[PDB]
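Peer 1: Here you go, one structure.
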Amino acid sequence: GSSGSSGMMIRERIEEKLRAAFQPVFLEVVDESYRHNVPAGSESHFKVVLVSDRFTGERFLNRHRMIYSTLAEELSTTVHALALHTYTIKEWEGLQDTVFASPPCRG
């Protein structure tokens with residue numbers, strides 16, 4: 001991006017970082033803008049998708065510790081809670097659809 005015209009959108013800052021942060025295979029963030037006029041200061045719906053092998057059924061918390069570390073403060077700035085969705089290559093290969101693959105075993 002040529003200098004000059006730029007923005008301060010969190011959604012971008014988040015990904016833009018992860019890109020080089022881990023350099024996974026998949027990346028997609030779901031940001032939600034203001035919907036109602038009234039002031040809302042209770043919760044901030046936010047979700048992020050990042051597929052990586054590193055999440056090979058290692059841990060449930062370790063999935064956040066790694067992410068947070070990157071956007072430790074970056075996110076803490078305005079965002080507080082986030083629903084991380086770390087998946088694996090396989091699981092992704094057939095998240096919804098599932099093929100009946102049950103090969104026989106050997107001695």
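Chain lettering (A, B, ...) mirrors the order of the structure tokens, residue numbering begins at 1 for each chain separately, and ligand numbering begins at 1 in order of display.
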Using only C-alpha atoms, determine which residues lie at most 8 Å from stretch 82-86 of chain A, disregarding the query and same-chain residues fewer than 4 positions distant; provide the list as an NGL selection string.
Peer 2: :A and (45-52 or 55 or 63-64)
Peer 1: Can those selected residues be exported to a file as a PDB file, in the first residue's frame so that it contains N, CA, C and O atoms?
Peer 2:
```pdb
ATOM      1  N   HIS A  45     -19.030  -8.152  20.586  1.00  0.00           N
ATOM      2  CA  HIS A  45     -19.005  -9.339  19.738  1.00  0.00           C
ATOM      3  C   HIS A  45     -17.817  -9.298  18.782  1.00  0.00           C
ATOM      4  O   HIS A  45     -17.662  -8.353  18.008  1.00  0.00           O
ATOM      5  N   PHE A  46     -16.979 -10.327  18.842  1.00  0.00           N
ATOM      6  CA  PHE A  46     -15.804 -10.409  17.983  1.00  0.00           C
ATOM      7  C   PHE A  46     -15.381 -11.860  17.774  1.00  0.00           C
ATOM      8  O   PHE A  46     -15.421 -12.670  18.700  1.00  0.00           O
ATOM      9  N   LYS A  47     -14.979 -12.182  16.549  1.00  0.00           N
ATOM     10  CA  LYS A  47     -14.548 -13.535  16.216  1.00  0.00           C
ATOM     11  C   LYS A  47     -13.419 -13.509  15.191  1.00  0.00           C
ATOM     12  O   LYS A  47     -13.376 -12.639  14.321  1.00  0.00           O
ATOM     13  N   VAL A  48     -12.507 -14.470  15.298  1.00  0.00           N
ATOM     14  CA  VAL A  48     -11.378 -14.558  14.379  1.00  0.00           C
ATOM     15  C   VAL A  48     -11.091 -16.007  14.000  1.00  0.00           C
ATOM     16  O   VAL A  48     -11.157 -16.904  14.841  1.00  0.00           O
ATOM     17  N   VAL A  49     -10.772 -16.230  12.728  1.00  0.00           N
ATOM     18  CA  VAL A  49     -10.473 -17.569  12.239  1.00  0.00           C
ATOM     19  C   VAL A  49      -9.014 -17.683  11.807  1.00  0.00           C
ATOM     20  O   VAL A  49      -8.503 -16.834  11.078  1.00  0.00           O
ATOM     21  N   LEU A  50      -8.349 -18.739  12.263  1.00  0.00           N
ATOM     22  CA  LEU A  50      -6.949 -18.967  11.925  1.00  0.00           C
ATOM     23  C   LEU A  50      -6.611 -20.453  11.972  1.00  0.00           C
ATOM     24  O   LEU A  50      -6.516 -21.044  13.048  1.00  0.00           O
ATOM     25  N   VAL A  51      -6.429 -21.051  10.800  1.00  0.00           N
ATOM     26  CA  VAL A  51      -6.098 -22.468  10.707  1.00  0.00           C
ATOM     27  C   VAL A  51      -4.588 -22.680  10.683  1.00  0.00           C
ATOM     28  O   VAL A  51      -3.878 -22.069   9.884  1.00  0.00           O
ATOM     29  N   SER A  52      -4.105 -23.549  11.564  1.00  0.00           N
ATOM     30  CA  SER A  52      -2.677 -23.839  11.646  1.00  0.00           C
ATOM     31  C   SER A  52      -2.438 -25.211  12.270  1.00  0.00           C
ATOM     32  O   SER A  52      -3.191 -25.651  13.138  1.00  0.00           O
ATOM     33  N   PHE A  55      -1.773 -26.050  16.099  1.00  0.00           N
ATOM     34  CA  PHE A  55      -2.900 -26.342  16.977  1.00  0.00           C
ATOM     35  C   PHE A  55      -3.298 -27.812  16.881  1.00  0.00           C
ATOM     36  O   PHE A  55      -4.471 -28.161  17.015  1.00  0.00           O
ATOM     37  N   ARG A  63      -4.061 -22.153  22.684  1.00  0.00           N
ATOM     38  CA  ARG A  63      -4.525 -21.585  21.424  1.00  0.00           C
ATOM     39  C   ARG A  63      -4.695 -20.073  21.539  1.00  0.00           C
ATOM     40  O   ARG A  63      -4.569 -19.346  20.553  1.00  0.00           O
ATOM     41  N   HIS A  64      -4.981 -19.605  22.749  1.00  0.00           N
ATOM     42  CA  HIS A  64      -5.169 -18.179  22.994  1.00  0.00           C
ATOM     43  C   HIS A  64      -3.853 -17.520  23.398  1.00  0.00           C
ATOM     44  O   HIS A  64      -3.504 -16.451  22.896  1.00  0.00           O
TER      45      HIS A  64
END
```
Peer 1: If I take atom CA of residue A:35 and atom CA of residue A:80, how far is one from the other in Å, to one decimal?
Peer 2: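 Calculated distance between atom CA of residue A:35 and atom CA of residue A:80 is 18.9 Å.
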Peer 1: Hey, can you check how far atom CA of residue A:29 sits from atom CA of residue A:15?
Peer 2: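 Going from atom CA of residue A:29 over to atom CA of residue A:15, I get 7.3 Å.
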Peer 1: Per DSSP on the backbone, what are the strand (DSSP E) residues of chain A, as a PyMOL selection string?
Peer 2: chain A and resi 28-31+46-51+83-87
Peer 1: Write out as a PyMOL selection string all residues of chain A that DSSP puts in helix (DSSP H, G or I) for this structure's backbone.
Peer 2: chain A and resi 10-21+53-55+62-70+72-76+89-93
Peer 1: At a cut-off of 12 Å, using only C-alpha atoms, what residues contact stretch 37-41 of chain A? Leave out same-chain residues fewer than 3 positions from it and give the result as a PyMOL selection string.
Peer 2: chain A and resi 33-34+44-45+78-80
Peer 1: Taking N, CA, C and O atoms for each residue, export the selection above as a CSV table (one decimal), in the first residue's frame.
Peer 2:
```csv
chain,number,residue,atom,x,y,z
A,33,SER,N,-19.8,-3.7,13.4
A,33,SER,CA,-19.9,-2.2,13.6
A,33,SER,C,-21.2,-1.9,14.5
A,33,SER,O,-21.9,-2.8,14.8
A,34,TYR,N,-21.3,-0.6,14.7
A,34,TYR,CA,-22.5,-0.2,15.5
A,34,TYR,C,-23.8,-0.5,14.8
A,34,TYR,O,-23.9,-0.3,13.6
A,44,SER,N,-18.6,-6.8,23.4
A,44,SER,CA,-18.1,-6.5,22.1
A,44,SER,C,-17.9,-7.7,21.2
A,44,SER,O,-16.9,-8.3,21.2
A,45,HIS,N,-19.0,-8.2,20.6
A,45,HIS,CA,-19.0,-9.3,19.7
A,45,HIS,C,-17.8,-9.3,18.8
A,45,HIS,O,-17.7,-8.4,18.0
A,78,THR,N,-9.0,-1.6,22.4
A,78,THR,CA,-10.5,-1.5,22.4
A,78,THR,C,-11.2,-2.8,22.6
A,78,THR,O,-12.3,-2.8,23.3
A,79,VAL,N,-10.6,-3.9,22.1
A,79,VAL,CA,-11.2,-5.2,22.3
A,79,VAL,C,-10.8,-5.8,23.6
A,79,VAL,O,-9.6,-5.6,24.1
A,80,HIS,N,-11.6,-6.6,24.2
A,80,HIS,CA,-11.4,-7.3,25.5
A,80,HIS,C,-11.5,-8.8,25.3
A,80,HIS,O,-10.6,-9.6,25.7
```
